[PDB]
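sequence, then structure. It's an experimental one.
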Amino acid sequence: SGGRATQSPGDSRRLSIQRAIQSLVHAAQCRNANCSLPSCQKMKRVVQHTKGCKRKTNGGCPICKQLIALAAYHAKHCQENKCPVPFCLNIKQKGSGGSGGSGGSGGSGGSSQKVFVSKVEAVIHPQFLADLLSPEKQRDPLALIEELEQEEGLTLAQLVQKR
Ligand SMILES: [Zn+2]
Ligand SMILES: [Zn+2]
Ligand SMILES: [Zn+2]
């Protein structure tokens with residue numbers, strides 16, 4: 001009757017995905033000016049990126065990929081067709097798939113963004129997730145982002161060529 005979750009290194013970072021996803025939903029429908037929360041302000045930036053973006057799904061910007069990842073992962077745990085979450089909407093119209101995600105409640109995340117099924121999660125780069133969750137102020141996701149697209153050249157590409 002549900003359940004069935006194991007706390008892998010991935011789980012913890014998928015939980016950071018789900019946690020940034022919790023952020024996502026919030027900034028997606030936050031219209032309270034009195035609210036100036038850390039995860040909210042940083043995500044207000046990251047969300048506003050998703051809309052004012054052009055290289056969105058072209059694969060250039062890291063955000064929109066990890067945001068269609070968040071919004072998708074989120075969309076799996078979402079039952080709203082008229083959702084506030086941006087890419088959740090286009091998920092229901094384009095990104096069709098099953099349910100699931102993670103939920104083992106692990107806290108020992110690690111480099112597991114290769115072995116896993118990279119169907120949803122493109123360049124989520126949990127550091128970005130972590131920074132949203134961080135009470136710190138000048139710890140912006142979009143700052144990480146430009147860093148992330150730089151590091152998008154490293155790993156997976158590492159020793160990938162073969163015969
Ligand atoms: Zn807010
Ligand atoms: Zn973008
Ligand atoms: Zn949604």
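In hand now; what should we look at? Numbering: from 1, shown residues only. Ligands and ions are numbered 1, 2, ... in the order given.

and the helix ranked longest in the chain, anywhere near ligand 1?
Longest helix in the chain by number of residues, with DSSP state H as the criterion: helix 9-29. No: using C-beta under 5 Å from the ion, helix 9-29 stays clear of ligand 1, with a minimum separation of 5.7 Å. C-beta here means a position set from N, CA and C on the backbone, and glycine is covered the same way.

how about that helix: buried residues?
Buried positions in helix 9-29, judged by neighbour count with 16 or more other C-beta atoms under 10 Å: 10-28.

which neighbouring elements make contact with whichever helix or strand comes after that helix?
Downstream of helix 9-29, the next assigned helix or strand under DSSP states H and E is helix 38-52. Contact analysis of helix 38-52 by 3 or more C-beta pairs under 8 Å, 6 or more residues apart in numbering; DSSP states H and E lists helix 9-29, helix 62-76, helix 86-93, helix 127-133, helix 141-151 as its packing neighbours.

for residue 154, what are phi and psi?
The phi and psi torsions at residue 154 (degrees, to the nearest 10) take the values phi -100, psi 160.

that one and residue 160, how far apart?
Residue 154 sits 11 Å away from residue 160, going by C-beta to C-beta, to the nearest Å.

next to ligand 1, which bits of the protein? Give me the list.
Within the chain, the positions near ligand 1 by C-beta under 5 Å from the ion are 30, 35, 40.

OK, contacts around the closest residue to the first one other than its chain neighbours?
Taking C-beta to C-beta, 6 or more residues apart in numbering as the measure, residue 30 lies nearest to residue 40, with 5.8 Å between them; neighbours along the chain are not counted. If you count contacts by C-beta atoms under 8 Å, 6 or more residues apart in numbering, residue 40 has them with 23, 26-27, 30.

need the residue closest to the centroid of the protein.
By C-alpha atoms, centre = their mean, the mean C-alpha position of the chain lies nearest to residue 70, the distance being 3.4 Å.

put the alpha carbons of the longest helix of the chain into CSV.
C-alpha atoms of helix 9-29 as CSV (Å, rounded to 0.1, in the frame of the first residue of the first chain):
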residue,chain,number,x,y,z
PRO,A,9,23.0,8.7,-2.1
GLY,A,10,20.8,9.5,-5.0
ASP,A,11,17.8,9.5,-2.7
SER,A,12,19.2,12.3,-0.6
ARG,A,13,20.0,14.4,-3.7
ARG,A,14,16.6,13.5,-5.2
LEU,A,15,15.2,14.7,-1.9
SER,A,16,17.1,17.9,-2.4
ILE,A,17,15.3,17.9,-5.8
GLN,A,18,12.0,17.3,-4.1
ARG,A,19,13.0,20.0,-1.6
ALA,A,20,13.8,22.5,-4.3
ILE,A,21,10.6,21.3,-5.8
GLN,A,22,8.9,22.3,-2.6
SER,A,23,10.5,25.7,-3.2
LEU,A,24,9.3,25.6,-6.9
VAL,A,25,5.6,25.2,-6.0
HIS,A,26,6.0,28.0,-3.4
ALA,A,27,7.6,30.6,-5.7
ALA,A,28,5.3,29.5,-8.5
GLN,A,29,2.2,30.7,-6.5
